[PDB]
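Asker:
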Amino acid sequence: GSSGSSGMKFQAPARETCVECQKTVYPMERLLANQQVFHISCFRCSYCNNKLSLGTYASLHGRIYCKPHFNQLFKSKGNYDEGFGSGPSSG
Ligand SMILES: [Zn+2]
Ligand SMILES: [Zn+2]
């Protein structure tokens, strides 16, 4: 077992591909979004699945989202639990 690759890059072929439908994106429908090739059509919210543009969209961990949902989920206020915690241990 001898390899050395990790991550989405180095398109096998000699072109780009849609990170939504996984299809060969042409130079006519190539829409750059979050440093990734997206289809002017595919470009939608992974929550409601609505058409978006290079201004109303919002990506976080690779997935797209509409301002509404993006903020409705992302944005927030004072709210935390007493879960987190650390402690020493003999080593
Ligand atoms: Zn597509
Ligand atoms: Zn949405």
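Residue numbers for the sequence shown follow PDB author numbering, beginning at 1 and rising by one.
Ideal placement from N, C-alpha and C gives every residue a C-beta, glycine not left out.
(1) Can you check which of these residues, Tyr65, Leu60, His61, is closest to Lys51 by C-alpha distance?
(2) Would you report the Cα separation of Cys18 and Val37, rounded to the nearest angstrom?
(3) I'd like to check one pair, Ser6 with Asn34: are the Cβ atoms closer than 8 Å?
(4) Quick check on the burial criterion: 16 or more other C-beta atoms within 10 angstroms. Buried or exposed for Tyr57?
(5) Which residue's Cα is closest to the Cα of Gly62: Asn71, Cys45, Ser53?
Answerer: Taking the coordinates as given:
(1) Closest option to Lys51, Cα to Cα, is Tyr65.
(2) Each residue's Cα considered, the two are about 6 Å apart.
(3) no
(4) When all chains shown are included, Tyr57 counts as buried.
(5) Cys45
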